[PDB]
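Residue numbers (the entry's author numbering), protein chains in the order written: chain B, 5 to 227, 238 to 256, 264 to 585; chain B', 5 to 227, 238 to 256, 264 to 585; chain A, 5 to 197, 202 to 227, 238 to 255, 264 to 585. A prime marks a further copy of an entry chain.
So the structure is just underneath, and the comments pick up after that.
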Amino acid sequence: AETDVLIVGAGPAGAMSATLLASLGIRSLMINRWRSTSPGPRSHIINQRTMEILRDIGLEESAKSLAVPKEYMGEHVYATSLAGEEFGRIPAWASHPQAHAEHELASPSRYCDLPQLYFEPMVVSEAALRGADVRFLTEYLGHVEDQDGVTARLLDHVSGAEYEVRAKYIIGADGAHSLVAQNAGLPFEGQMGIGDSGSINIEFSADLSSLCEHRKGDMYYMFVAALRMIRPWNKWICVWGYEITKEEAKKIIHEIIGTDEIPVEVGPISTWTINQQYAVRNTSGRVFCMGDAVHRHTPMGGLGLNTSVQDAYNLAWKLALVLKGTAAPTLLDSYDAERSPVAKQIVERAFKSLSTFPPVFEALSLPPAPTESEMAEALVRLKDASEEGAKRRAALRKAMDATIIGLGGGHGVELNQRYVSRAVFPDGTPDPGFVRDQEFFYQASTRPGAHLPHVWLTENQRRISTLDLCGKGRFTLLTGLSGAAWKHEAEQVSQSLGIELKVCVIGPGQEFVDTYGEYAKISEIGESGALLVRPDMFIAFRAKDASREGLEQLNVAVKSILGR
Amino acid sequence: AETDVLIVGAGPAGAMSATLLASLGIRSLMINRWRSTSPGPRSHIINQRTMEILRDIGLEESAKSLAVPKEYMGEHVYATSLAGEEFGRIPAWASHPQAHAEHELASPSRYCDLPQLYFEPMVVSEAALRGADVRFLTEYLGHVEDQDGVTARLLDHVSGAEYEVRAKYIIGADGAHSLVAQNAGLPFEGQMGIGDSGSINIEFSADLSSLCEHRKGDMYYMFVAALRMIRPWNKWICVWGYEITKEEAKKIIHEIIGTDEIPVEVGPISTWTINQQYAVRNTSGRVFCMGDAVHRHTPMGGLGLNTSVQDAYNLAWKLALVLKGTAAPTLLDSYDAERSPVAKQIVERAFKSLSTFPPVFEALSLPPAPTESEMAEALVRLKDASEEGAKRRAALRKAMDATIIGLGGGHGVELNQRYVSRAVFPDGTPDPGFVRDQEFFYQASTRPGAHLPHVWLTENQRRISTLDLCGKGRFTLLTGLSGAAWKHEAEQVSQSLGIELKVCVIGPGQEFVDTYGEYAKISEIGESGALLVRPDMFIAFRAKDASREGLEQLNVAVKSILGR
Amino acid sequence: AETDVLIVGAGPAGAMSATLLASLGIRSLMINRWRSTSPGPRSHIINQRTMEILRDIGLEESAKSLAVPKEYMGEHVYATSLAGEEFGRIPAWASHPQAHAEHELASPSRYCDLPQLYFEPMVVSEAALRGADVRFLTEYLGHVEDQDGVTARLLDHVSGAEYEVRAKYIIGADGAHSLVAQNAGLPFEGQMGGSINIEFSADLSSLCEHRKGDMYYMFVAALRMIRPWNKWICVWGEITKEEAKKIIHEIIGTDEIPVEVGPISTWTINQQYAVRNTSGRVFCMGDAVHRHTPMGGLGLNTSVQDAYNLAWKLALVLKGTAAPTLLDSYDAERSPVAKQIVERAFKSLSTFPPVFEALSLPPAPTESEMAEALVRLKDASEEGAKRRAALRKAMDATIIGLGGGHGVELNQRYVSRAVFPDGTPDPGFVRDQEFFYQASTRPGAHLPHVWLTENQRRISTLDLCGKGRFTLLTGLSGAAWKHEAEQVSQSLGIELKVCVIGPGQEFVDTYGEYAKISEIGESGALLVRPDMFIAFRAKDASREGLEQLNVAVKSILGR
Ligand SMILES: Cc1cc2nc3c(=O)[nH]c(=O)nc-3n(C[C@H](O)[C@H](O)[C@H](O)COP(=O)(O)OP(=O)(O)OC[C@H]3O[C@@H](n4cnc5c(N)ncnc54)[C@H](O)[C@@H]3O)c2cc1C
Ligand SMILES: Cc1cc2nc3c(=O)[nH]c(=O)nc-3n(C[C@H](O)[C@H](O)[C@H](O)COP(=O)(O)OP(=O)(O)OC[C@H]3O[C@@H](n4cnc5c(N)ncnc54)[C@H](O)[C@@H]3O)c2cc1C
Ligand SMILES: Cc1cc2nc3c(=O)[nH]c(=O)nc-3n(C[C@H](O)[C@H](O)[C@H](O)COP(=O)(O)OP(=O)(O)OC[C@H]3O[C@@H](n4cnc5c(N)ncnc54)[C@H](O)[C@@H]3O)c2cc1C
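So, in structure tokens, the structure goes:
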């Protein structure tokens with residue numbers, strides 16, 4: 005067997021890698037050890053960046069059809085049981101109107117709930133239909149790198165046969181115990197969170213619409239076990255901290278529903294164990310790891326799947342340009358530089374969220390483990406008509422509010438990627454800062470290294486996002502009428518370098534129109550300046566004006582970005 | 005390699021076979037020669053029976069989310085071009101209110117438009133997630149039957165390796181040139197339709213919502239080329255009768278749109294060639310063929326995919342009962358008996374529809390091939406203010422009306438399955454007839470051999486169909502309060518035979534309630550009578566009353582149905 | 005004071021009369037004794053004919069905004085209480101798919117639920133905004149007819165003043181104790197044959217949303243939706267205390283939804299119909315000429331249709347384009363509708379009693395008697411079967427009064443001087459004419475609905491017509507009709523629009539459903555009154571066919 009890229013792993017990072025490469029005409033073989041995509045929905049939260057990627061490759065409309073919308077997600081209930089009395093609620097998944105506005109402003113896409121159970125086959129299917137070879141029941145066993153490519157050895161769980169694959173690169177998308185990361189010898193750090201422990205996950209079916217429809221929520225937390243909607247509102251899952266459990270789980274569930282009179286049907290029961298670590302480096306020679314393979318962490322914030330897919334989006338177009346000989350192999354160095362700091366920041370963030378929960382119990386004057394008599398008292402203490410009862414209600418409210426960082430509040434974490442690499446050609450301006458907390462709030466930036474900011478233009482008097490002008494596996498140059506020279510400069514650069522760069526001259530009477538003036542407003546530069554946008558939506562070059570010197574630079578920057 | 009059932013082919017008949025078997029705990033391996041599910045949407049019409057199957061295995065809600073609804077499908081336009089003047093319209097896909105009522109009455113499910121492009125991965129994915137092994141890039145080469153099973157030889161298009169699979173049965177779901185049907189030596193009949201010829205199919209993208217949204221339709225026919243919505247209303251395909266075609270197709274398209282000012286983007290271009298035949302027998306020893314493998318025909322009526330899936334639904338539960346030793350292998354004889362007559366009837370029906378089109382041209386006083394001057398005159402002749410112009414307008418209207426048999430009018434064809442086999446235990450009543458034309462109109466029947474009729478009951482004051490009580494890979498017995506004895510008779514029969522049969526006693530204060538009285542009305546028998554329903558929704562046994570003799574029979578009928 | 009038409013009464017028949025007359029440029033003065041439109045919800049069902057009238061004067065979209073749509077309306081529950089066990093359901097208001105199809109086929113409009121409480125001000129408002137003078141707190145006291153008009157005496161409940169109004173005609177829209185009908189001396193018949205109504209508020213959505221119904225009958239008190247699902251009224255067949271809340275809790279079968287008891291009012295019908303609706307210059311309509319049970323909700327709907335029949339006639343006569351003989355048709359056509367609806371509404375009362383007999387229940391049941399019958403019904407016996415079937419049969423038969431009388435609603439058949447007969451015999455109803463609408467293009471019938479297109483958009487044959495004028499429908503081969511209609515129009519001084527339906531025309535028979543429903547050649551014509559009724563039908567465009575249009579119009583107009 006021979007391919008250009010062997011993709012070990014078929015979860016979110018692998019499938020997306022296969023889909024993007026195929027889209028770019030790169031031959032790839034993607035392998036999974038197991039029979040199917042993943043039996044249970046491990047991750048459900050889809051952030052804006054993932055939706056943006058889905059939009060760019062034309063899969064957002066399917067993702068949207070399938071997924072529960074944002075409006076359903078908002079009501080996060082803390083309570084004793086589902087049918088019991090609430091302690092309080094918090095506006096999760098950006099459902100507070102101010103959060104929602106900040107959310108809407110940051111992207112054309114929105115939060116939805118879409119379980120991995122559904123997300124994966126949707127992407128594996130599209131990988132297959134696009135150029136990509138896909139082969140499950142096939143186990144990566146190891147590989148040996150030489151100067152020209154790699155040779156992987158595979159074990160075929162249908163035939164019993166074993167075989168080799170020759171490839172130019174290997175992507176290690178092989179999950180939380182990446183054998184590909186071991187064999188490439190990737191250093192890992194931040195091993196210690198607390199003592200290693202995970203969770204237990206029980207799927208079930210029951211029609212609790214009568215308890216959910218007035219107060220629609222992605223999750224309901226009981227003091238700590240979580241009830242998470244899989245479909246609204248009949249498919250569910252109970253999660254709690256941590264182990265063999267029988268069809269007694271069915272009592273636990275009843276007690277988590279606070280009532281034993283909805284018919285329940287207990288599905289599968291799985292345990293999730295996490296050792297929290299991030300790879301210091303994600304690349305070794307011809308090997309590139311991504312997804313859980315380089316960042317292993319708590320589910321808090323649901324950053325994993327989303328960061329996993331973004332790893333794939335960073336790498337794909339880079340592999341493709343190198344494979345085609347339009348970019349030097351040095352281009353592949355910026356994968357580690359851009360995407361390695363994201364791996365540490367998200368493991369650290371996901372862990373830090375866990376510490377926002379104890380204060381909820383403290384507010385309740387509760388120990389880490391509480392007797393029901395203990396918990397029943399805390400509820401009484403909470404309806405106390407005294408100033409001490411006030412202080413207490415306020416303390417609980419403050420404690421609850423603080424958990425939001427892990428439940429839709431980390432907009433800054435989701436969006437604020439800053440890239441420093443050879444891939445990103447610096448424009449000479451200093452880094453401006455975040456005016457506000459950079460974990461809670463997205464700050465739009467057009468400085469090289471930042472994601473292209475969203476704003477609405479029109480095409481045929483119809484709204485189109487600045488993002489929809491870009492991507493599609495190519496470089497795009499955005500300017501305005503006074504920067505007409507960019508067209509020509511971009512033509513000469515594209516001929517000489519054998520690369521595709523589309524230029525869009527936004528303005529009145531043009532194909533794309535700055536009809537709300539929001540482009541002029543967000544660009545940070547004169548009408549005649551230009552922004553150059555990577556196939557992965559990131560700005561790699563910024564021009565203040567169309568002046569000759571400004572025009573001359575474009576070539577220097579592209580060459581530099583390509584390693585040429 | 006070893007499996008119980010080798011499934012050659014991964015299209016609609018194979019995937020559905022794999023999904024159902026897996027659901028029944030039967031080990032299966034399903035193989036496809038190619039990289040992906042199918043690149044283009046060959047078949048889009050999903051009839052009620054398919055929707056019913058999707059409902060029973062819990063995939064209807066996904067099918068529905070993904071698919072264009074019935075209301076969109078109705079407006080069938082005949083015209084010169086999309087932007088030109090209509091000749092007339094017909095209420096396609098049962099959009100006439102009387103058609104719609106007949107439609108709604110016949111099933112809990114409804115027509116939708118869902119291209120194969122989407123349908124296939126949805127089912128292949130669910131097969132995989134359920135027990136089934138699935139392996140693409142693997143070619144069936146032949147097999148040799150012996151007394152105990154079969155040995156297939158496979159060619160692996162990734163490894164280059166070749167290998168054997170041992171299986172107890174083989175399903176030949178391998179399409180219009182089934183190698184499995186050749187090797188099993190299946191006789192084929194009705195070879196001659198006319199001279200063998202097919203069609204050319206051009207995918208394209210364009211935003212013709214401005215020409216489609218006021219008059220929403222599944223297809224637009226131009227005098238004969240068809241414009242078919244893939245997604246509304248921006249993805250499309252042109253089909254005409256028939264050959265290399267370049268990016269000139271793009272002119273053809275413009276002329277089929279009647280205008281050259283919507284931006285068009287020309288996708289893939291494929292040719293469909295059909296030799297119309299049906300297999301006289303679908304079974305030979307341990308081999309069972311289904312789908313296009315046993316019925317090859319015109320798309321008129323879109324019966325293929327739907328009949329293909331129904332073939333799978335007939336067989337699966339039968340294989341499973343035999344594989345488990347609860348049924349004799351004789352049980353497998355009724356596959357040919359029930360499903361072979363469906364194969365001939367649908368090839369013949371699909372062909373016969375083609376002859377409803379010429380009279381449209383005759384009404385137009387048009388030759389088989391017409392010069393534009395010829396066609397432009399016919400339009401003039403049609404606005405003529407004379408009695409001869411009247412006769413002409415009426416003739417065209419009559420001609421157009423008659424095409425409906427192939428565009429949603431064949432409800433009888435879709436639903437009127439009648440089964441005679443060992444599987445179906447006859448109750449002694451004669452065959453009642455169809456009061457109305459049996460190709461246009463569904464006639465509900467509870468006589469053994471017919472599909473269980475749909476009507477609404479309630480469960481928790483919520484509507485539930487008689488169909489939702491049944492299926493799930495088991496036998497179900499429906500009766501009423503006065504037939505309480507059925508419970509016990511069914512218990513004794515199920516113990517002694519080692520089989521699952523669920524009994525539902527419908528009535529007031531019961532789990533399921535005949536709240537509209539529609540069950541009493543549709544059942545054709547006293548409250549105390551029983552209907553026994555196969556896992557495939559077909560009635561196999563009918564009891565007039567709970568009398569001892571009536572009660573004694575149940576055992577005789579089940580034994581007989583199982584071959585025991 | 006002076007006006008052309010004094011409209012006594014401001015309910016549905018009066019307001020609609022004022023609105024239509026104003027629309028036709030006729031001066032009218034509509035009065036009403038009371039402060040407001042009516043406080044009570046009263047009649048709620050709006051049938052297709054009323055909806056079509058609302059469509060024609062451009063008020064359907066507003067009617068549809070206010071109203072509960074048909075899809076809410078279908079689940080008719082019979083039960084012990086709202087929160088108790090159902091006996092069964094029936095598909096009310098044409099919710100059975102076959103009923104629904106028959107319904108949808110008969111008209112562009114559909115059943116909705118819109119309480120009088122809302123319907124009335126919407127129409128009184130539109131009367132006022134269109135030419136009409138409207139004056140509440142003003143009581144008709146009597147009148148005296150002479151040769152040239154009438155003089156009504158009015159009592160003004162604001163000023164205390166009393167005053168005279170001179171008018172050409174008087175419409176007696178003054179309700180179930182018409183003083184206008186008494187003074188005109190209208191004979192009444194069918195004097196051969202009261203309810204209490206309690207409004208309340210309560211959020212019973214938890215009991216109603218999975219089973220969406222216009223009404224819930226308890227065994238016999240009715241729960242009726244005012245707004246879904248927090249507004250309610252309890253009806254059954264005298265004083266009441268605040269104990270009324272107690273009755274309501276037991277009708278809800280539970281006392282745990284907060285309830286808020288609104289007004290409490292009694293309805294006391296005396297069932298009669300007027301043999302004649304017209305005397306000299308007086309014309310009565312609405313409850314004034316047909317008084318009956320609510321069964322079928324035909325009253326309001328028939329009331330408005332009375333107004334639609336008369337208005338364009340008064341207008342034509344008032345303008346001198348029609349002889350006063352044209353007014354004679356109003357009794358000829360509307361009076362048989364008045365008897366047929368009183369008789370129908372009463373006959374529906376007979377269906378309910380069997381439902382008890384199926385239950386082996388006395389007319390007045392005790393809670394134990396009625397607890398036994400529910401046991402008797404879950405019995406696992408052949409005699410339990412016969413009984414569950416007897417109850418189902420009994421329940422099914424009530425549907426004639428709950429959406430099943432489509433024939434009653436639509437099957438109007440006018441014979442009179444305002445309908446020019448075409449020589450064909452009356453064809454019959456192939457099916458029961460109380461349950462099933464039968465479309466007809468024979469003169470005397472309502473113009474049948476089918477869809478044409480205009481700009482490739484669906485438009486009903488009805489939308490081509492009306493608008494207070496005569497319309498002539500034909501096809502391309504009947505092009506001569508346009509000229510014949512112009513000559514006739516000029517000579518008679520009366521507007522008649524001609525529509526030549528066909529390919530390349532303004533209106534197109536795009537589905538061929540016109541050719542199919544018309545009953546005549548492409549070159550034939552149908553002439554449609556301002557009230558949607560066919561008054562003339564020609565088979566083809568022959569000279570004799572053409573020459574007859576003028577005879578028919580002259581004849582219709584009385585000239
Ligand atoms: C039970 C469970 C529950 C979870 N719940 C949540 C949650 O509630 N919220 C949340 O945010 N996150 C959750 N996660 C985390 C989530 O699954 C990860 O973020 C995500 O699946 C990792 O993406 P990935 O594609 O990098 O890795 P994976 O999705 O694990 O993909 C790795 C792939 O590589 C394949 N593979 C592994 N080894 C080999 C080999 N030797 N040869 C060939 N193929 C191989 C595997 O079969 C797999 O298909 C959960 C994970 C699990 C297991
Ligand atoms: C281009 C095209 C357009 C069409 N358009 C329409 C339309 O507009 N309307 C309509 O009603 N119908 C249409 N059809 C018909 C429709 O495709 C069939 O009804 C349906 O796909 C057949 O179902 P099936 O699963 O039995 O066969 P298929 O879907 O053909 O499945 C057969 C499978 O077996 C596999 N296979 C074949 N040989 C081997 C082998 N030796 N080893 C292993 N695997 C093998 C194939 O890869 C394939 O996956 C179209 C068909 C085509 C090809
Ligand atoms: C309490 C009640 C409940 C009802 N419930 C239902 C129901 O549930 N379902 C149903 O189908 N039908 C019901 N009806 C019937 C419905 O109200 C009638 O069909 C409808 O109101 C009659 O329309 P109308 O305009 O002809 O009469 P009305 O609506 O009574 O209009 C007559 C108008 O004339 C005015 N008037 C009377 N006398 C004089 C005078 N001397 N001077 C000036 N003005 C005068 C009155 O104020 C009134 O506004 C109910 C009627 C009542 C009274």
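Positions of the beta carbon are idealized from the N, C-alpha and C atoms, including for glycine.
Practice task
Grab me the residues of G501 (chain A)'s own chain with a C-beta within less than 6 Å of its C-beta, minus the 5 sequence neighbours each way, in chain order.
Solution key: In the third sequence, the residue the question calls residue 501 (chain A) occupies position 475. Non-local C-beta neighbours of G501 (chain A) in its own chain, meaning closer than 6 Å and more than five positions away in sequence, comprise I527, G528, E548, ordered along the chain.
Exercise for the section: Could you tell me whether any non-hydrogen atom of ligand 3 is closer than 7 Å to the CB of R413 (chain B)? Expected result: Position 392 of the first sequence, counting from 1, holds the residue named residue 413 (chain B). No, Cβ of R413 (chain B) sits at least 7 Å from all heavy atoms of ligand 3.
Practice task
Pull up the DSSP beta-bridge partners for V148 (chain B'), would you.
Solution key: Translated into the one-based positions of the second sequence, residue 148 (chain B') becomes position 144. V148 (chain B') is bridged to B':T155.
Problem - Distance cut-off 7 Å: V12 (chain A) Cβ against heavy atoms of ligand 3 - result: Here the question's residue 12 (chain A) lines up with position 8 in the third sequence. True, at least one ligand heavy atom lies under 7 Å from that Cβ.
Handout entry: Below-8 Å beta-carbon distance, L403 (chain B') vs any chain A residue
Key = As a working note, residue 403 (chain B') is residue 382 in the second sequence. Yes, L403 (chain B') lies at the interface with chain A (some Cβ there is under 8 Å from its Cβ).
Practice task
Answer with yes or no whether the minimum CB distance from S214 (chain B) to chain B' is below 8 Å.
Solution key: As a position in the first sequence, residue 214 (chain B) is number 210, starting the count at 1. At a cut-off of 8 Å between beta carbons, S214 (chain B) makes no contact with chain B'.
Practice task
State yes or no: is the C-beta of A314 (chain B) nearer than 7 Å to some heavy atom of ligand 1?
Solution key: One-based indexing of the first sequence puts residue 314 (chain B) at position 293. Yes, Cβ of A314 (chain B) sits closer than 7 Å to a heavy atom of ligand 1.
Handout entry: Where the alpha helix (DSSP H) through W338 (chain B') begins and ends
Key = In the second sequence, the residue the question calls residue 338 (chain B') occupies position 317. Looking at the DSSP string, the run of the alpha helix (DSSP H) that includes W338 (chain B') is 325 to 344.
Exercise for the section: Inspect the beta-carbon positions of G279 (chain B) and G88 (chain B) and report whether they are closer than 8 Å. Expected result: For the purposes of this step, residue 279 (chain B) is taken as the residue at position 258 of the first sequence. For the purposes of this step, residue 88 (chain B) is taken as the residue at position 84 of the first sequence. Yes. Within cutoff.
Problem - Three CB pairs or more closer than 8 Å across the region 416 to 434 of chain B and the region 87 to 107 of chain B - result: yes
Problem - Any non-hydrogen atom of ligand 3 within 7 Å of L326 (chain A) CB - result: Here residue 326 (chain A) is taken as the residue at index 300 of the third sequence, counted from 1. At least one heavy atom of ligand 3 is nearer than 7 Å to the Cβ of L326 (chain A), so yes.
Handout entry: Rounded separation between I204 (chain A) and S214 (chain A) - CA only
Key = Within the third sequence, numbered from 1, the residue matching residue 204 (chain A) stands at position 196. Within the third sequence, numbered from 1, the residue matching residue 214 (chain A) stands at position 206. Going from the Cα of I204 (chain A) to the Cα of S214 (chain A) covers about 26 Å.
Exercise for the section: Within its chain, find whatever has a CB closer than 7 Å to the CB of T497 (chain A); leave out the 5 residues flanking it on each side and keep chain order. Expected result: The residue given as residue 497 (chain A) occupies position 471 in the third sequence. Answer for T497 (chain A): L490, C491, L522, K523, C525, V554, listed in chain order.
Exercise for the section: Could you tell me which residues DSSP pairs with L518 (chain B) in its beta bridges? Expected result: Residue numbering aside, residue 518 (chain B) sits at position 497 when the first sequence is read from its first letter. Looking at the DSSP output, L518 (chain B) sits in no beta bridge, so it has no partner there.
Practice task
Evaluate contact between the region 573 to 581 of chain B and the region 507 to 517 of chain B, counting only Cβ atoms and requiring at least three cross-stretch pairs below 8 Å.
Solution key: yes
Exercise for the section: Return the chain-ordered list of same chain residues with a C-beta closer than 8 Å to the C-beta of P119 (chain A), the five sequence neighbours on each side being excluded. Expected result: Mapped onto the third sequence, residue 119 (chain A) falls at position 115. Correct list, in chain order: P45, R46, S47, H48, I244.
Practice task
Verify the contact flag: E264 (chain B), CB atom, against every heavy atom of ligand 1, threshold strictly below 7 Å.
Solution key: Locating residue 264 (chain B) in the first sequence gives position 243, counting from the first residue. The answer is no for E264 (chain B).
Practice task
State the Cα-Cα distance for the pair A406 (chain B) and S129 (chain B'), rounded to the nearest angstrom.
Solution key: Against the first sequence, residue 406 (chain B) aligns to sequence position 385. Against the second sequence, residue 129 (chain B') aligns to sequence position 125. For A406 (chain B) and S129 (chain B'), the distance between alpha carbons rounds to 58 Å.
Exercise for the section: Give a single yes or no on whether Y144 (chain B') has its beta carbon closer than 7 Å to a heavy atom of ligand 2. Expected result: Sequence index remark: in the second sequence, residue 144 (chain B') carries index 140 (1-based). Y144 (chain B') has its CB nearer than 7 Å to a heavy atom of ligand 2.
Practice task
Taking a Cβ distance cut-off of 8 Å, strictly less, list which residues of the region 165 to 181 of chain B are near chain B', in chain order.
Solution key: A165, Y167
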